[PDB]
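# Observations on the three-dimensional arrangement
In case you want the letters, here they are:
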Amino acid sequence: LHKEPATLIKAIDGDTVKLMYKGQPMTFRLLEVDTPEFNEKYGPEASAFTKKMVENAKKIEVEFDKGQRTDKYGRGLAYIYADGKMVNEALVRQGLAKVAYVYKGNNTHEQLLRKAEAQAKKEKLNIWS
Ligand SMILES: Cc1cn([C@H]2C[C@H](OP(=O)(O)O)[C@@H](COP(=O)(O)O)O2)c(=O)[nH]c1=O
Ligand SMILES: [Ca+2]
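Residues numbered from 1 in each chain as written, not as in the entry; some residues may be left out. Chains lettered and ligands numbered in written order. Heavy atoms only, no water.

Determination of this PDB entry was carried out by X-ray crystallography to a resolution of 1.9000 Å, according to the record.

Looking at the PDB entry, one finds the protein chain named Thermonuclease and attributed to Staphylococcus aureus.

What follows covers the UniProt feature "binding site: Ca(2+)" in the protein chain. As annotated by UniProt and renumbered to match this structure, "binding site: Ca(2+)" occupies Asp 15, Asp 34 and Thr 35. Spanning 21 residues, the named residues form one tight spatial group whose C-alpha atoms are at most 6.6 Å apart. Side-chain polar atoms of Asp 15 contact the side chain of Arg 29, separated by 3.3 Å. Residue position: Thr 35 is located in the loop between β4 (33-34) and α1 (43-56). Those residues in contact with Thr 35 that sit more than four places away from it in its chain are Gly 14, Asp 15, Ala 46, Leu 91, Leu 96 and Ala 97. (UniProt positions renumbered as here; feature names shortened; annotations may be inferred. Polar contact = N/O pair within 3.5 Å; in protein donor to acceptor, adjacent residues only side chain to side chain. Helix = DSSP H or I, 4+ residues; strand = E, 2+ residues; numbered from the N terminus. Contact = heavy atoms within 4.5 Å.)

Looking now at the UniProt feature "active site" in the protein chain. Per the UniProt entry, the sites bearing "active site" are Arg 29, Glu 37 and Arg 75 in this numbering. For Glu 37, the position within the fold is in the loop between β4 and α1. The class of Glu 37 is partly exposed, set by a relative accessible area of 38%. When near neighbours in sequence (up to four residues on either side) are disregarded, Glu 37 contacts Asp 13 and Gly 43. Setting aside residues no more than four positions away along its own chain, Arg 75 makes contact with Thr 16, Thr 27, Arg 29, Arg 69 and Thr 70. (Buried < 20%, exposed > 50% of the residue type's maximum accessible area, 1.4 Å probe, protein only.)

Bringing the coordination of the calcium ion (ligand 2) into the picture now. Summarising the metal site, the calcium ion (ligand 2) is bound by the protein donors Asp 15 (OD), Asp 34 (OD), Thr 35 (O) and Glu 37 (OE), whose distances to it range over 2.7 to 2.9 Å. Classification of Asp 15 by relative accessible area gives buried; the value is 4%. Residue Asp 34 is classed as partly exposed on the basis of its relative accessible area, which comes to 27%. (Donors = N, O, S within 2.8 Å, 3.2 Å for Na, K, Ca; no water.)

Laid out in structure tokens, this is it:
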């Protein structure tokens, strides 16, 4: 897998972000994770977390997996990096997301993410409290 550039258009919530990719606006859905909806417990905290991480980033990158690049709603499916740190992984590590929606095409970072979850759960963080 490889990283490609993109620029923030707008934060949406824990696991969706509007980015410009190859000069086109596109809503991206984070691969292999699930945040609570804003209306749910830790939704606001997940939203604020991703928002801060994407707004403070100098360099946003997107990384497609080996499978489907678009979901049935037209959202881009990627791992999103903020100055070299994966947002997908950072949410899991803080207990603001669960590893989820792990489909066979698009599972290159599964183990990495599950490691981060196992340590969030260990530390009883947020969702795991
Ligand atoms: C993360 C991800 C979600 N989706 C779809 C499955 C879910 O379908 P349904 O809408 O039918 O429940 C939905 C979950 O995203 P949200 O958590 O953003 O709702 O998006 C994919 O198809 N591929 C993916 O990699
Ligand atoms: Ca969600």
